[PDB]
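I have placed the structure first, in the form of structure tokens, so that the comments after it can refer back to it.
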Amino acid sequence: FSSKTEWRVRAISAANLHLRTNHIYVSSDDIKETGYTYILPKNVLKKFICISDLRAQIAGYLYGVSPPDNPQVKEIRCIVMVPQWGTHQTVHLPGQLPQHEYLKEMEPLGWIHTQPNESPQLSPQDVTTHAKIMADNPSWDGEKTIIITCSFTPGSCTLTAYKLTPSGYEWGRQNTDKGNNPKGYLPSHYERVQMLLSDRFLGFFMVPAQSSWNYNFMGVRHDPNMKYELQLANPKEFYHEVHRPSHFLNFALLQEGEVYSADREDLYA
Amino acid sequence: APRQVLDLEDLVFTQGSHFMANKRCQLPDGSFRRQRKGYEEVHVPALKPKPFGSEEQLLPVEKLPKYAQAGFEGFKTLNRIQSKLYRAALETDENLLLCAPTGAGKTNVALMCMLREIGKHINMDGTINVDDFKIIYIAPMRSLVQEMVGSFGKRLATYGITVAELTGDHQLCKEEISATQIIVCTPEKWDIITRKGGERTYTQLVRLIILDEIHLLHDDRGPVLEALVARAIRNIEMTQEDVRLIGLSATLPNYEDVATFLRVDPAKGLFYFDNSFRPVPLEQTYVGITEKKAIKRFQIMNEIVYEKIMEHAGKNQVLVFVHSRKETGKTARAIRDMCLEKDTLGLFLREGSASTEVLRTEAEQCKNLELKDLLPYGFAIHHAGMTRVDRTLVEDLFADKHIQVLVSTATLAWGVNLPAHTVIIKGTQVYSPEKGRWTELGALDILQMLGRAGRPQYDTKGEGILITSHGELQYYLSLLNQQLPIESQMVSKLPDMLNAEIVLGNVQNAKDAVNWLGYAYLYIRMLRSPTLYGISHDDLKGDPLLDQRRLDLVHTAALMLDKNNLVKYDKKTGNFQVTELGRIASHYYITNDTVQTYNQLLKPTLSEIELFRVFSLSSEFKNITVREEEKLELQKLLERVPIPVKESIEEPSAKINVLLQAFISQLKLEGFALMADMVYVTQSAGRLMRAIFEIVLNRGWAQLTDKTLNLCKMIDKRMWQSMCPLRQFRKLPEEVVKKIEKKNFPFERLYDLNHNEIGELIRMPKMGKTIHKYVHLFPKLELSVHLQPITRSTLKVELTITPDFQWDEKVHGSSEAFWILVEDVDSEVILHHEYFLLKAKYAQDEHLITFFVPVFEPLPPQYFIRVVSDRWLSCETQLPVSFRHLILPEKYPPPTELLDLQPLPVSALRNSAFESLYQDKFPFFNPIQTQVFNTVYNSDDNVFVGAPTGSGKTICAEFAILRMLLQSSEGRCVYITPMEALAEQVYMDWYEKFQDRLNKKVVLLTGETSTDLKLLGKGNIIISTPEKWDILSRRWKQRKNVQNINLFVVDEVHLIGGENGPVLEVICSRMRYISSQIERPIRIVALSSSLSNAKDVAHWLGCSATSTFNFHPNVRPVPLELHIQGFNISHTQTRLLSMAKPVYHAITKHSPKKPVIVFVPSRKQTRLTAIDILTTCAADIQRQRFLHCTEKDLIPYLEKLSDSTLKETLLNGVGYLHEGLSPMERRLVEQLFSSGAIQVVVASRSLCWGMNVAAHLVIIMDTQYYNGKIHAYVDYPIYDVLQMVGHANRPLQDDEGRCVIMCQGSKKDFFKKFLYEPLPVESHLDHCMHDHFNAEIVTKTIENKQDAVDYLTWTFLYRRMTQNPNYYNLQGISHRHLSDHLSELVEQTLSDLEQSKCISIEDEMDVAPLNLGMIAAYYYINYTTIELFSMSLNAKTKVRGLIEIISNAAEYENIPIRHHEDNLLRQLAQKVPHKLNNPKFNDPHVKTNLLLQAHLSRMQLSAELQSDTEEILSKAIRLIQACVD
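Just so you know, the protein sequences line up as chains A and B, in that order.
If you read the first sequence in the working numbering, its first letter stands for residue 117, the second for the next number, and so on.
If you read the second sequence in the working numbering, its first letter stands for residue 46, the second for the next number, and so on.
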């Protein structure tokens, strides 16, 4: 980013993200039928789209349970936002997975992220990210956890859901190179999975304890090994004042400017 | 006749206060016109003082009354005019008007008018006791207000009376200015503050208002003064309580018109003095310039300045008023460089080289301003901008005459007072950002600055020189000699004025509107000069009173307000209705075009980017435009702003936006035009942004109310949030702040660090302590929440706010304001919000707020409870409330349908003797009764009947009683009600119903065990309250009279829900246990209001579902119309006061001719509200409308009265009922009401239960009440409210019954939900538990832990626990869940009971009562009480100790604390035999100690606390005996 002009164009843009919110598409494609099927409550989806930005990827972590007596469907009941920052093609979020009390009741279902340009494939950066989570986390089950990619289409939003195949998981555990075309990448690595939106139940948010989630505007304050706690509260928007301290901390001024126009007229209170 | 719409545009006066209504002017005597090239110059000489009249002398400060003389020190004699009117000043309440020239010293006249009132309240042994009166001084200018409070303070300080400026934001300083008298303010301030109601707590304590410089009537600001005074007068006509009004004006014609306006009797009240009375005679010079081209003009005026100034260059003094900031010093240095260009001519401003102190001007050398250049020479400059102290240092220099040339601004004339030998006004034109252009300065500005001409002391006569444009030259003559009419600009503002009056409720309809306008200055002007105001004389003759013009006028205002949605007013009725938009508009003094712009523009989804634009579109800014020259700088500013404007290009929107940002971002601007503009924008911005916040918050749209309150704060504080909060403490160094901003270390992480750890971050350790202070000065709340589900739809939230910050009144001041708002799952919708205000006293005291919130069908992961300071920026705390574990209650089955039955005649029961006690009362039983009948009467089984209060369940009980009557001669029946009042109320009926007609003996239980025992068993029907029937019947095993009862009746069982409910629950349960052991069935009949969970109650009390009748509140014999009225004023006094008028209106609307009961929060409030009902009764022009008999008939009743005011209120048909009234007085009032003599009775809330007289309309006023113990208000218990509502029932006659409940904003939704639906009821036994286990263990009903659990299973708690487990903090609905829960329960109850030595627990299994518990159980005393006794009473204790030990008893904490009982009990405690060790006077134990000693000393107290004393004494002996034991 240009860090001056580049900030503002996208900033007055993102104030319209809520317009997208009511036009969304969902990939319908061939159902494995032996697979799990994930239901995403619409409210969290709306809010998640609304906090995002149209260039930097933001990501969120999925937490849910399967409804009683129906083990093959996973309701996503919660999204957790952790300290993070994006690129246009990927997202850097820390090594620690969410730990918190409200979360103990549910299982992790993977993660969801915004995708500035729509691609009909799981980006190598993603399969690599996911495998590398999975390597370090037994908590995440290969077969149960997914990557939901939410892409910004014109005036719209459109989303797909992927699972790593074991081929993919091994490649990704192995993979170093984060470029858009790493060696040995294959369409054999991922698999699409069945997902539905729902108005039947409401999902909720988990959000960083002492800060907010969006570190894009401080990259030096973000570290892979950084630790965080959580709370029950909603995410602030991308360009929200808090995510942007450096800019509100731009004041170089001498007080005596106030000497000029010392006619104080007030008369009201 | 029907009204017609007119155009208010061509009907106003543009360029107001420059108006010049007369087109002809006059010479003075020796005046001449001499025209030069390019400029006409007019000269008038000084006036000739009127020769002293025969035997007319000045008054010294001696010969005027003794008291007032104080504070006049330094002044030996009164001014001629002061001396003229002092008599009427101090000897009459007649209103005043004086017209006297500038310099006559008008203030000291008005001062006397104040010293009279200050004297009206005086005592011998104390002076000027200050809570009787307050005075309001309205002055036109701010500087003038400041300086006036400054000197008034000094002067009046001898009296010790506290006078202050009213700059207060409404809420933080009200309770501050509560203690303030003689408050000074600008008319505007008074108008907003009255529109909000900050005044309505002050008024009626106001006997005097001063209008100073009332000629401001002619200014655009005029309508405000017109609005003030009109309101004051129109109000006095309603209240009949009068006020003095003292007007002060410059000398101008239309004096008699202003007189009419102020209701000044021209005879004794009018005072006029012409321009000859100016203390320093004024020679007037006026030079108008004919030059059209401005380029040549800006030379000509320079040169006129030079010649005029060189004229006085000898021994004399000149003062130049320029209207520019910078040009104060641009005008100087022109004179200087000219004097240098003069070949050193004009110089030597002294008597010599060294003479006249040139070393004075040289030795003062180094100064803050540009003075260093000018000071070595003869002249200098003055203004507010460049310096603070050096202004005072220049004023000192001018007074002592070391500078004979001073160029300055109007704020110098309006500020601290110094004159000049001759003053010169350069140009008269100023820049008006409000008007968007340049315009000639106001009347008061010149009048003030030219009234500075000449000294009172060092001068002979003053001169003044006004350099203006020739075209305005006529105008400025019509002023400074009295030619100018004072006219009203009121028409321009008429739509805005009307709104605010509807908003205050002072105008309901068109008629009240014309009545109001009939009090305006514009009215008398339209009367006496119709020709000017747009009325031809012929149609004036056609309508002499202007009824049809005042009807046409205001009709257009009504239409404008309707079209912008400020008011809903239909032409047919002529009535107005206020909308919240209207209120917001009035409260912020924002125009009605701006507000509709906001209505259409504002949507939930608005970004900051857009919020600013909407702000920029405010109609208040309509004339602001963007100039070519400044579009160069605006672009730079546009790229240096944080919030993108880029939606807009260069147009007014952009200019205003970038300006607001510039101000917040704190940016200095090169152009002067832009500076003034920016100032305008930002000053109006506070009110504007705030009205936005209020609107958008009332809508409930969370995100935008955040963005808008934050904007408000950013405007107030002049910074963005991205800057360190420490900046709001201005006490802090800038470099330190910038330093902590340098390193990014999130602010809330400063609390973890100590004084040293702080300084280590910025490597400035010397600061380490001071920083720390501020970090802990910054307001911080921590908050906890206790949440329990009520119904599947609603949860209850108890928020506990604990102050985490150190209070300093030099920072936080008297009060700190916080919004608490609970937001939904996405932080999208605001489900609920309250305004919470923590006062000074109560920092560190945790406050408890209780409120309900709804839940919805996709049950969400959590809500959020947000709390944010109003004024404080970056100060917020959020609290996730997680539902992850929430278990919602089982949805409630539909109420049993009301069957359609042939209404049962009394002829049903074949018993004639029974028929007799009904037939002559009502012909038919109601559908409820007739549906219950066969089950309750012809059949023997337990029934439950819920129906909402007013359904007639009492005779449903009487059915069962009659059945038992047939069953056996001696048949025994016990009847229970939770309210003792209700019990006596039942007894009075049933004693005649049964004992009188049916010969069957009827009794009513009492305190004493013995007498009570004897009572039952002689009686067939035993009426009692749960506590009386607990103590007796705990021992039931031994008392055969308990066991042998045939029937058992529980009335109002839903009351289980409330406190003193557990005892009810426990006695019904016990009753069942007895029927278990007695082997005979004991029929139980329970009666409740509509109950959602009635099933549980029935299952508990053993009713088959077939005999269970639970009815919906919509089933009532007489239908009810319920209305709820929300009031947004949180401060309870103001709220309670502002619902006064609505009460009257609620009567006139809902029940004009029918009986009306009004319930009130306070014992005393009943009087006051009866009064107010009568005083606003006069308003209607309708007097004594509520009295239905002649005064001759009421005399026999009034002979029995003590209370004198009650006589009055009764005389007009009202009357009241409360604690203090003698039972005869009460009986009388009740009689008068029911008989139909008086149509309205105001009653204390306490009397809702025990009142035997019903009504048609019931109005509940303000559902909160005051509790001294936590020092806060607390809501009416819901069942109470339902009872008050049920008090509107009149089945005999009315086809309907009506209720209006006026309550706070917060409490609105709660009533909307729970008054209509059937009610849920939960058990409280889990909390109040020990006492009963103890007592029961004593009877050996619980022999061991097992028996304890078993006992638990007989309760209603047992029933409910699995129904709504989250309420009882039971975490699962399972079997072992409930089992483990009850287990843990008896476990800890028995443990706590064993710790207290009331029982002994053997083997861990068995239990036995011990000494303590035995005592407790015997005397029916709380167990903690006698434990306290156990650790308190020692070997050496005596009556001194026994008093306090017996006082701390638990049964004495039921004793409450009333409004300001902290001083009362202190005054009593002073004079009692035994003093106390640092007693807190809000504590009921202390109060009972003091009341007890008072009783021992036979001191007669007020009946208020005497009642209390009696109640203490009632239960005293038992406690005493327990101590003996």
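Even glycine gets a Cβ: it sits at the ideal position worked out from N, Cα and C.
- Scanning its chain for C-beta atoms nearer than 6 angstroms, with the 5 sequence neighbours on each side dropped, one finds around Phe1526(B) the residues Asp1507, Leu1510 and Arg1511, in chain order.
- Residues of the segment 212 to 225 of chain A with a C-beta less than 7 angstroms from any C-beta of chain B: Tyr218 and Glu221, listed in chain order.
- Excluding the 5 residues flanking it on each side, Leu92(B) has same chain C-beta neighbours closer than 6 angstroms at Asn320, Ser321 and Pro326, in chain order.
- Going by DSSP, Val1094(B) is part of the beta strand (DSSP E) stretching over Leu1092 to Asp1096.
- With the criterion set as a beta carbon lying under 8 angstroms from some beta carbon of chain B, the members of the segment 192 to 209 of chain A are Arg193 and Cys194, in sequence order.
- With a threshold of 16 other beta carbon atoms within 10 Å, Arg316(A) falls short and is exposed.
- Excluding the 5 residues flanking it on each side, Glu307(A) has same chain C-beta neighbours closer than 6 angstroms at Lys279 and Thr281, in chain order.
- The alpha-carbon separation between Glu271(B) and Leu572(B) amounts to approximately 16 angstroms.
- Straight through space, the alpha carbons of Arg497(B) and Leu451(B) are spaced by roughly 13 angstroms.
- DSSP lists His208(A) as the beta-bridge partner residues of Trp201(A).
- Bounds of the beta strand (DSSP E) holding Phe897(B) are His892 to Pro899.
- Contact holds between the segment 905 to 912 of chain B and the segment 343 to 358 of chain A, because three or more Cβ pairs, one in each stretch, are under 8 angstroms apart.
- In terms of Cβ geometry, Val536(B) and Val57(B) form a close pair [threshold 8 angstroms].
- Between the segment 154 to 163 of chain A and the segment 289 to 301 of chain A there are fewer than three C-beta pairs closer than 8 angstroms, too few to call the two in contact.
- The Cβ atoms of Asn987(B) and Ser1121(B) do not sit closer than 8 angstroms to each other.
- With a beta-carbon spacing of about 14 angstroms, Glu827(B) and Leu893(B) fall beyond the 8 angstroms limit used to define contacts.
- Contact check for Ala275(B) and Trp561(B): beta-carbon distance about 7 angstroms, within the 8 angstroms limit, so the pair qualifies.
- Judged by beta-carbon spacing, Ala130(A) lies beyond the 8 angstroms limit of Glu655(B), meaning their Cβ atoms are not closer than that value.
- At least 8 angstroms separates the CB of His338(A) from every CB of chain B.
- With 16 or more other Cβ atoms from the protein chains shown falling within 10 Å of its own Cβ, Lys1199(B) counts as buried.
- Around the beta carbon of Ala1028(B), 16 or more other beta carbons sit within 10 angstroms, so the residue counts as buried.
- Straight-line spacing of the CA atoms in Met1024(B) and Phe1474(B) works out to 30 angstroms.
- Counting along the chain, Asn1312(B) sits inside the beta strand (DSSP E) bounded by residues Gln1309 to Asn1312.
- Residue contact check for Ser283(A) against chain B: no CB pair falls below 8 angstroms.
- DSSP lists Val87(B) and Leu511(B) as the beta-bridge partner residues of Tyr331(B).
- The shortest C-alpha to C-alpha distance from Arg48(B) to any of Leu123(B), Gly619(B) and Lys1038(B) is the one to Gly619(B).
- Nearest C-alpha to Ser182(A) among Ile165(A), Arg171(A) and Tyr152(A): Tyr152(A).
- Contact between the segment 374 to 393 of chain B and the segment 349 to 359 of chain B is present, with at least three C-beta pairs closer than 8 angstroms.
- Looking at the DSSP output, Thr1254(B) shares a beta bridge with no other residue.
- The shortest C-alpha to C-alpha distance from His466(B) to any of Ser574(B), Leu567(B), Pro501(B) and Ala1567(B) is the one to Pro501(B).
- Among the bridge pairs identified by DSSP, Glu223(A) is matched with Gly180(A).
- Taking 8 angstroms as the threshold, the shortest C-beta distance from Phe823(B) to chain A does not fall below it.
- Under the Cβ criterion of 8 angstroms, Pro687(B) is counted among the residues facing chain A.
- The three-state reading of DSSP puts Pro540(B) in helix, counting H, G and I together.
- Closer than 8 angstroms to the CB of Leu647(B) there is not a single CB belonging to chain A.
- Excluding sequence positions up to five before and after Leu1219(B), its CB lies within less than 7 angstroms of the CB of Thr1254, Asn1257 and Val1259, all in the same chain and listed in chain order.
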